[PDB]
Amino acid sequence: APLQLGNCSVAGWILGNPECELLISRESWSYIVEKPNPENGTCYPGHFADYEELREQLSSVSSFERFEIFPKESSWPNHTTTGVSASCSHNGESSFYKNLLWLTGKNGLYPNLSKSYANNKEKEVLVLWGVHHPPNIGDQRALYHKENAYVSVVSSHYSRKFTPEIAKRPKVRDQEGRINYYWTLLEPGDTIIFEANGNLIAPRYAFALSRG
């Protein structure tokens, strides 16, 4: 049974774009139907890493449930997670992707954080996250309070260290900033470890799934 994505793109649906709860959360599909010009996708501008690969790996799915990998209300006691952006506005008001959280400073501080998740679900788990690139050094300090920040995602198959590239860009939707989006597959049994002292757009929901 095919999966209609409406006016949304694979990026938008899987990220949890606010203009993308739209649609009939489905549990299985054979192929993915997507308009050539979808209007609400990566609402906050930025590059989605390895996008064609993700569309293929998701082209065929037999089971699919969303679940809250890092619960919004218990995972982040030392960080503000409320931040929203006018670029992701639902019904007029500013908002954000439902599956990610924009972690920002709290009490004037952004402490080193590290949270992990072990796959116990007997299914492949799809994990998405972003890294934020502010357009100038004033924004970097305002959001994370440090000029030299790092993000490091490390699992058994994935090992990357992101440093934010801070500079002026051309404007997409009046934003000069970028969030770069990233994704890895989590084997039943594997564990993924996030470490950062800024710029992490942390995962909130992930997906368990299979392909036949």
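Residues carry their position along the shown sequence, with the first being 1.
So, looking at the entry's B-factor column for Cα atoms, which has the higher mean, 142-150 or 64-72? Comparing 142-150 with 64-72, the higher average CA B-factor belongs to 64-72.
Mean C-alpha B-factor comparison - 35-43 and 159-167, higher one: Comparing 159-167 with 35-43, the higher average CA B-factor belongs to 35-43.
Among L100, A118, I137, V84, which residue carries the highest C-alpha B-factor recorded in the PDB entry? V84 has the highest C-alpha B-factor of those listed.
Which one, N180, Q175, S59, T184, has the peak C-alpha temperature factor per the PDB entry? Comparing C-alpha B-factors across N180, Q175, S59, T184, the top value belongs to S59.
Within this chain's modelled residues, let me know which third the CA B factor of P203 belongs to: lowest, middle or highest. Within its chain, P203 is a lowest-third residue by C-alpha B-factor, going by the deposited values.
Compared with the other modelled residues in the chain, in which third is the CA B-factor of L126? Ranked within chain, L126 CA B lands in the middle tercile.
For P111, does the deposited CA B-factor place it in the lowest, middle or highest third of the chain? Its C-alpha B-factor belongs to the middle third of this chain's values.
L23 by Cα B-factor - lowest, middle or highest third of the modelled chain: Highest third - that is where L23 ends up once the chain's C-alpha B-factors are sorted.
Would you mind ranking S89 by its C-alpha B-factor against the rest of the chain and naming the third, lowest, middle or highest? According to the entry, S89 has a C-alpha B-factor in the chain's highest third.
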